[PDB]
file structure.cif (mmCIF, N, CA and C atoms)
data_final
loop_
_atom_site.label_atom_id
_atom_site.label_comp_id
_atom_site.auth_asym_id
_atom_site.auth_seq_id
_atom_site.Cartn_x
_atom_site.Cartn_y
_atom_site.Cartn_z
N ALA A 507 27.95 -12.01 -8.84
CA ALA A 507 27.00 -12.46 -9.89
C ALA A 507 26.49 -11.29 -10.70
N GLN A 508 26.09 -11.56 -11.94
CA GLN A 508 25.57 -10.53 -12.82
C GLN A 508 24.23 -10.94 -13.42
N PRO A 509 23.15 -10.84 -12.63
CA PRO A 509 21.81 -11.20 -13.08
C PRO A 509 21.31 -10.25 -14.17
N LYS A 510 21.12 -8.99 -13.79
CA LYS A 510 20.65 -7.96 -14.71
C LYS A 510 20.47 -6.64 -13.98
N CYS A 511 20.05 -6.75 -12.73
CA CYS A 511 19.83 -5.59 -11.87
C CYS A 511 19.10 -4.47 -12.62
N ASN A 512 17.86 -4.75 -13.01
CA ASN A 512 17.04 -3.78 -13.73
C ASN A 512 15.66 -3.68 -13.09
N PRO A 513 15.53 -2.89 -12.01
CA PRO A 513 14.26 -2.71 -11.31
C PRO A 513 13.31 -1.74 -12.01
N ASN A 514 13.53 -1.52 -13.30
CA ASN A 514 12.70 -0.62 -14.08
C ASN A 514 11.62 -1.39 -14.83
N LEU A 515 11.93 -2.62 -15.21
CA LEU A 515 10.99 -3.47 -15.94
C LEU A 515 10.04 -4.17 -14.98
N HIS A 516 9.09 -3.41 -14.43
CA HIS A 516 8.12 -3.96 -13.49
C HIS A 516 7.10 -4.85 -14.20
N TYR A 517 7.03 -4.75 -15.52
CA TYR A 517 6.08 -5.55 -16.30
C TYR A 517 6.58 -6.98 -16.49
N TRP A 518 7.68 -7.12 -17.23
CA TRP A 518 8.25 -8.44 -17.50
C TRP A 518 8.89 -9.05 -16.25
N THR A 519 9.10 -8.23 -15.22
CA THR A 519 9.70 -8.70 -13.98
C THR A 519 11.07 -9.33 -14.24
N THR A 520 11.09 -10.57 -14.72
CA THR A 520 12.34 -11.27 -15.03
C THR A 520 12.03 -12.69 -15.47
N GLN A 521 11.44 -13.46 -14.57
CA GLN A 521 11.06 -14.83 -14.89
C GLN A 521 9.85 -14.80 -15.81
N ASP A 522 9.24 -13.63 -15.94
CA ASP A 522 8.10 -13.46 -16.80
C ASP A 522 8.53 -12.96 -18.18
N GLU A 523 9.80 -12.56 -18.29
CA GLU A 523 10.35 -12.07 -19.54
C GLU A 523 9.96 -12.96 -20.72
N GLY A 524 9.73 -14.24 -20.44
CA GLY A 524 9.35 -15.16 -21.49
C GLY A 524 9.87 -16.56 -21.24
N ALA A 525 9.79 -17.01 -19.99
CA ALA A 525 10.26 -18.34 -19.63
C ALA A 525 9.11 -19.34 -19.51
N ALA A 526 8.18 -19.06 -18.61
CA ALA A 526 7.03 -19.93 -18.41
C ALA A 526 5.76 -19.12 -18.38
N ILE A 527 5.73 -18.10 -19.22
CA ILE A 527 4.59 -17.20 -19.30
C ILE A 527 3.62 -17.58 -20.41
N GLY A 528 3.93 -18.64 -21.15
CA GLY A 528 3.08 -19.08 -22.23
C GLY A 528 1.65 -19.40 -21.81
N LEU A 529 1.40 -19.50 -20.51
CA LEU A 529 0.06 -19.82 -20.03
C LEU A 529 -0.71 -18.57 -19.59
N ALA A 530 -0.01 -17.65 -18.94
CA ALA A 530 -0.64 -16.43 -18.44
C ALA A 530 -0.33 -15.20 -19.28
N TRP A 531 0.42 -15.37 -20.36
CA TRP A 531 0.78 -14.24 -21.21
C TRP A 531 -0.41 -13.72 -22.02
N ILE A 532 -1.62 -13.85 -21.48
CA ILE A 532 -2.82 -13.38 -22.15
C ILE A 532 -3.96 -13.19 -21.16
N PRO A 533 -3.88 -12.16 -20.29
CA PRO A 533 -4.91 -11.88 -19.30
C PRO A 533 -6.30 -11.80 -19.93
N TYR A 534 -7.09 -12.85 -19.75
CA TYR A 534 -8.43 -12.90 -20.33
C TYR A 534 -9.50 -12.46 -19.33
N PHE A 535 -9.54 -13.11 -18.17
CA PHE A 535 -10.54 -12.78 -17.16
C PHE A 535 -9.90 -12.29 -15.86
N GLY A 536 -8.75 -12.85 -15.52
CA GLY A 536 -8.07 -12.46 -14.29
C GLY A 536 -7.16 -11.27 -14.48
N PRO A 537 -6.40 -10.89 -13.44
CA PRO A 537 -5.47 -9.76 -13.50
C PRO A 537 -4.45 -9.92 -14.62
N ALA A 538 -3.33 -9.21 -14.51
CA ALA A 538 -2.29 -9.29 -15.52
C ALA A 538 -2.03 -10.73 -15.94
N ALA A 539 -1.84 -11.61 -14.95
CA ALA A 539 -1.59 -13.03 -15.21
C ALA A 539 -0.20 -13.25 -15.78
N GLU A 540 0.14 -12.43 -16.77
CA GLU A 540 1.42 -12.49 -17.46
C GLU A 540 2.57 -12.84 -16.51
N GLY A 541 2.44 -12.47 -15.25
CA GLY A 541 3.47 -12.77 -14.28
C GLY A 541 2.91 -13.47 -13.05
N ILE A 542 1.84 -12.90 -12.51
CA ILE A 542 1.19 -13.45 -11.31
C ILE A 542 0.51 -14.79 -11.57
N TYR A 543 0.13 -15.05 -12.82
CA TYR A 543 -0.52 -16.32 -13.16
C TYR A 543 0.34 -17.15 -14.11
N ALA A 544 1.42 -16.55 -14.59
CA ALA A 544 2.35 -17.22 -15.49
C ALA A 544 3.55 -17.72 -14.70
N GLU A 545 3.91 -16.95 -13.67
CA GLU A 545 5.04 -17.29 -12.82
C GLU A 545 4.60 -17.51 -11.37
N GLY A 546 3.57 -16.77 -10.96
CA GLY A 546 3.05 -16.88 -9.61
C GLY A 546 4.13 -17.02 -8.55
N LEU A 547 5.21 -16.25 -8.67
CA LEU A 547 6.29 -16.32 -7.68
C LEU A 547 7.35 -15.24 -7.91
N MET A 548 8.00 -15.27 -9.06
CA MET A 548 9.03 -14.29 -9.39
C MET A 548 8.47 -13.13 -10.19
N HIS A 549 7.15 -13.04 -10.27
CA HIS A 549 6.51 -11.96 -11.01
C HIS A 549 6.79 -10.61 -10.35
N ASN A 550 7.34 -10.65 -9.14
CA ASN A 550 7.63 -9.43 -8.40
C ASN A 550 9.07 -8.98 -8.58
N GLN A 551 9.99 -9.94 -8.56
CA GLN A 551 11.41 -9.64 -8.72
C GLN A 551 11.67 -9.02 -10.09
N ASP A 552 11.26 -7.76 -10.24
CA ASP A 552 11.43 -7.03 -11.49
C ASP A 552 12.76 -6.28 -11.52
N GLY A 553 13.72 -6.73 -10.71
CA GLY A 553 15.01 -6.08 -10.66
C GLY A 553 15.36 -5.65 -9.25
N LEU A 554 14.34 -5.33 -8.47
CA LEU A 554 14.52 -4.92 -7.09
C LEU A 554 15.29 -5.99 -6.33
N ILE A 555 14.78 -7.20 -6.40
CA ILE A 555 15.37 -8.34 -5.74
C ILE A 555 16.56 -8.87 -6.55
N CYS A 556 17.54 -8.01 -6.76
CA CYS A 556 18.74 -8.36 -7.51
C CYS A 556 19.67 -9.26 -6.70
N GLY A 557 19.34 -9.46 -5.42
CA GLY A 557 20.17 -10.29 -4.56
C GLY A 557 20.15 -11.76 -4.95
N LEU A 558 19.29 -12.14 -5.90
CA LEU A 558 19.20 -13.53 -6.33
C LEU A 558 20.57 -14.07 -6.75
N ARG A 559 21.18 -13.43 -7.74
CA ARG A 559 22.49 -13.84 -8.23
C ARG A 559 22.48 -15.30 -8.67
N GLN A 560 23.51 -15.69 -9.42
CA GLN A 560 23.62 -17.06 -9.91
C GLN A 560 22.48 -17.39 -10.86
#
call {"tool": "encode", "arguments": {"input": "structure.cif", "output": "structure tokens"}}
result
Amino acid sequence: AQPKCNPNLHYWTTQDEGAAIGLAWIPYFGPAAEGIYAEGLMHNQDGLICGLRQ
């Protein structure tokens, strides 16, 4: 599989790149949100977890 394997983009992570971040893509009161509140799951897989594949 060829996902992207880019563990350098710790910000956009991957699923936060712009898939379902329209809700947390604007940290108002909470943390970044952009990933932890926009994705609340794959906000960590910023390339490290390249084992996802498919």
call {"tool": "residues_around", "arguments": {"input": "structure.cif", "residues": "residue 555 (chain A)", "least_positions_apart": "3", "cutoff": "8 Å", "atoms": "all atoms listed in the file", "output": "PyMOL selection string"}}
result
chain A and resi 511-513+550-552+558-559
call {"tool": "residues_around", "arguments": {"input": "structure.cif", "residues": "residue 517 (chain A)", "least_positions_apart": "5", "cutoff": "8 Å", "atoms": "only N, CA and C atoms", "output": "PyMOL selection string"}}
result
chain A and resi 522-523+540-541+549+552
call {"tool": "resolve_selection", "arguments": {"input": "structure.cif", "expression": "the PyMOL selection byres (((chain A and resi 527 and name CA) around 7) and name CA)", "output": "JSON, numbers by chain"}}
result
{"A": [522, 524, 525, 526, 528, 529, 530, 531, 540, 541, 544, 545]}
call {"tool": "atom_distance", "arguments": {"input": "structure.cif", "atom1": "atom N of residue 546 (chain A)", "atom2": "atom N of residue 515 (chain A)"}}
result
17.0 Å
call {"tool": "atom_distance", "arguments": {"input": "structure.cif", "atom1": "atom C of residue 538 (chain A)", "atom2": "atom C of residue 554 (chain A)"}}
result
20.4 Å
call {"tool": "atom_distance", "arguments": {"input": "structure.cif", "atom1": "atom C of residue 521 (chain A)", "atom2": "atom N of residue 533 (chain A)"}}
result
14.7 Å
